[PDB]
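A.B. asks: take this sequence and fold it.
(chains A and B)
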Amino acid sequence: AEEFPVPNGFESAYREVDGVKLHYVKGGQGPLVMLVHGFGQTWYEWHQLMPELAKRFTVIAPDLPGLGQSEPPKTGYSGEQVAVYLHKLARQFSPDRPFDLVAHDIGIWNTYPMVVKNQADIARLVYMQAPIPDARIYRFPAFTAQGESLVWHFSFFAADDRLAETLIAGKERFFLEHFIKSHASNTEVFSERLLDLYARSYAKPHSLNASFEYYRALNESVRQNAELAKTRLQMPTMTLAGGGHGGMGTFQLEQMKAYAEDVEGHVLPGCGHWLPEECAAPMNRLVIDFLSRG
Amino acid sequence: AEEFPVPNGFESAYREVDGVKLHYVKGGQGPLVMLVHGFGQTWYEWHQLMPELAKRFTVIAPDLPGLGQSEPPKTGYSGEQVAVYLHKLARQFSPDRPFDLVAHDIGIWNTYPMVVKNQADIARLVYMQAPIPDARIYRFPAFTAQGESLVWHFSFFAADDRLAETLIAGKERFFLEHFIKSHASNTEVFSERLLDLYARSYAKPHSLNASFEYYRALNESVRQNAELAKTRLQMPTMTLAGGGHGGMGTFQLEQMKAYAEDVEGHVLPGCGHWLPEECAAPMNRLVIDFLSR
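C.D. replies: Numbers count the residues shown, from 1 in each chain, chains lettered A, B, ... in the order given. Here you go:
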């Protein structure tokens, strides 16, 4: 069974990595690019970018552990733990050559440790729409005068007593439409049909729990990254952020400059958090062009 | 029936104020003290303080509009709108003499406008465990190095789509127990029966909604207060805050210094947010002493 339709010419498959069965969608030929999704979504957020990249690259889009059709991690949900699974998966298909990485939202959290620990394996890097876990996340406001606090959900999802699963179970489709649209500028792209697909996937009980365990591990990820960030990233990097409602704005690039020697940043006007869907044309173009420099 | 047991010597009653039927519990004789509860609770959070205060004062503890047994407001939930109901209720019982005001949590939000606009009516003021709505609330963090933050619920409750009512309905007791304990230092004071009583009250559909409408009006209250605060408070004021988990710490007094010329403050170590219950005896003593001068 497939939770989301696979683009023509791609294959849906699974690979066991350190005892965990990871789902991915793969296609194309050439150097490897791995695309890593974020909270509320799956590999499918990349499905419009994937055929374009596949004309020049081998493209793999995994489901994060516990999300989509991937099994939960056996070690834990901190960034350093999850990054092992994703690094080993990529190196199964690119064992002798560096690969490219594109990551959105908690895909950043779950890849930054393996990038910094294996820099020679990463040719080029694209990060969009999330802070790298560090002390900056403690400075975001709980409540704002205009618009809405971007990351109050950090506390909601990290709260104990399984607060978030207990309240959201049975109401997953309602909650996800609210979460997605509240973090969007171009809300009209989130049709009821598309929201149905995403909601059905993260409503699987182990996926609803997995979703929030990433946030329950966030403070551990911060502590991990305080050590890892003593070495800056050396490979070419690009950041993308939305400039509209839900967007990170200038924060994405300004934080990345503390982490990367070679970084260029873009803020996409009229676009929120969900860049591949809200602003497919400019986002796809920026990513394809940046990766095609190599 | 009554949602909470009324202490001996007190009466549970109602008064119509601007077309809204307000519930309150009243006892004692002497000058008036009005006690105003906060989120998650009702008049009943004051039920241990009330008999002690009633030895020297007439004491009235209303349910906020839409909460407990009070009808929702017919104007709105912003601080200036709700304060009209509370001011007029107090003046029905103390028309010829200034009265004292004690307020906890959003009871502050719902009384500050009528205090600043009717200073001659307010003899002494006690505020505990909440910011007055102003720009300082935009500095509180969304997340902390120890886990969930103190006031991320501001955004949860203010969200549209009836987010909070929709997620909490059917889980009202579960959520309120988590909310109380995550803002407490002393959780043992919250018995099964007490949690049951508070959960049943705010689970009434119009009370669950009313609870969050106070937060959906919070930014409007901030903007109202930006103009009202051009006039400082002149009456004797006391702030109380918990020093433990859930407490406002030094913030309560430090904010109040910007609003009040005559203010004294206390931080209670080992106490969180729910001061009348977590730390009943020292909180009662400090309030009674302050009001009895």
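
A.B. asks: so which residues on the stretch 1-150 of chain A come close to chain B?
C.D. replies: Proximity of the stretch 1-150 of chain A to chain B, by CB under 8 Å from any CB of the partner chain, involves residues A:137-145, A:148-150. Placement of C-beta: from N, CA and C, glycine included.

A.B. asks: buried members of those residues into PyMOL, please.
C.D. replies: Buried residues within those, by 16 or more other CB atoms under 10 Å in any protein chain shown, are selected in PyMOL with:
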select buried, chain A and resi 137+140+141+142+143+144+149+150
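
A.B. asks: out of the residues of the stretch 1-150 of chain A next to chain B, list just those in strands.
C.D. replies: Of these, none are assigned to strands by DSSP state E.

A.B. asks: can you map out the strands along the stretch 1-150 of chain A?
C.D. replies: With strands called from DSSP state E, counting those that start in this stretch, the stretch 1-150 of chain A shows them at A:11-17, A:20-28, A:32-36, A:58-62, A:99-104, A:122-128.

A.B. asks: what's the closest of the ones you listed to residue A:159?
C.D. replies: strand A:99-104 (24.1 Å; CB to CB).

A.B. asks: could I have the closest one exported to PDB, CA atoms only?
C.D. replies: Output in PDB follows, covering the C-alpha atoms of strand A:99-104 (Å, rounded to 0.1, in the frame of the first residue of the first chain):
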ATOM      1  CA  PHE A  99      25.700  13.500  -2.000                       C
ATOM      2  CA  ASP A 100      23.400  16.600  -1.900                       C
ATOM      3  CA  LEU A 101      20.900  17.300   0.900                       C
ATOM      4  CA  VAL A 102      17.700  19.300   0.900                       C
ATOM      5  CA  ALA A 103      15.800  19.500   4.200                       C
ATOM      6  CA  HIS A 104      12.600  21.200   5.400                       C
END
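
A.B. asks: got the buried residues for it?
C.D. replies: For strand A:99-104, by 16+ other CB under 10 Å, it's A:99-104.

A.B. asks: elements contacting that strand?
C.D. replies: strand A:32-36, helix A:79-93, strand A:122-128, helix A:280-291 (3 or more CB pairs under 8 Å, 6 or more residues apart in numbering or on different chains; DSSP states H and E).

A.B. asks: what is the first one packed up against?
C.D. replies: Of the remaining helices and strands, those touching strand A:32-36 by 3+ CB pairs under 8 Å, 6+ apart are helix A:50-53, strand A:58-62, helix A:79-93, strand A:99-104.

A.B. asks: out of these, nearest to residue A:229?
C.D. replies: Of these, nearest to residue A:229 by CB to CB is helix A:79-93, at 11.7 Å.

A.B. asks: chain A: helices as residue ranges?
C.D. replies: Here chain A has its helices, by DSSP state H, at A:50-53, A:79-93, A:106-109, A:112-117, A:153-158, A:163-168, A:172-182, A:192-202, A:205-216, A:218-228, A:251-256, A:275-278, A:280-291.

A.B. asks: find the closest residue to chain B in the stretch 1-150 of chain A.
C.D. replies: Relative to chain B, the nearest point of the stretch 1-150 of chain A is residue A:143 (3.9 Å; CB to the nearest CB).

A.B. asks: which ones are touching that residue?
C.D. replies: A:149, A:152, B:137-138, B:140, B:151, B:154-155, B:158, B:218 (CB atoms under 8 Å, 6 or more residues apart in numbering or on different chains).
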